[PDB]
Amino acid sequence: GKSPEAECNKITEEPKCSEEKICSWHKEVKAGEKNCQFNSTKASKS
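Below is the structure:
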């Protein structure tokens with residue numbers, strides 16, 4: 382329950398992440414990046 386970015390990072394699942402609050406699936410990823418991660422102001426839903 383810390384930074385939302387870190388929160389999303391743990392999911393490591395596309396189906397879950399895509400539905401996760403303010404999380405979005407980084408489909409393509411560079412070696413070093415993270416797939417499930419903070420979508421920032423992408424969600425814009427409360």
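Start counting the sequence shown at 382; every next residue gets the next number (mature numbering (1 follows the signal peptide of the UniProt record, and there is no 0)). Note that the Cβ used here is the ideal one computed from N, Cα and C, for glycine as well.
Residues near residue i in its chain [Cβ-Cβ closer than 7 Å; skip 5 each side]
i, result
"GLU386", "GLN418, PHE419"
Residues of its chain near residue i, where Cβ-Cβ distance is below 6 Å and the 5 sequence neighbours each way are ignored
i, result
"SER405", "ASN420, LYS423"
CA-to-CA distance, residue j to residue i, given in whole angstroms
i, j, result
"residue 431", "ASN390", "In this structure the chain extends from 382 to 427, so residue 431 is not present and cannot be described."
"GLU401", "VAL410", "19 Å"
"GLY413", "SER427", "31 Å"
"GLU388", "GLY382", "7 Å"
Extent of the continuous beta strand (DSSP E) to which residue i belongs
i, result
"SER405", "404-406"
Continuous alpha helix (DSSP H) stretch holding residue i: start and end
i, result
"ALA387", "385-392"
"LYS415", "No alpha helix (DSSP H) contains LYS415, which DSSP labels as neither H nor E."
Cβ shell of residue i (< 8 Å), same chain only, five flanking positions each side left out
i, result
"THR393", "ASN416, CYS417"
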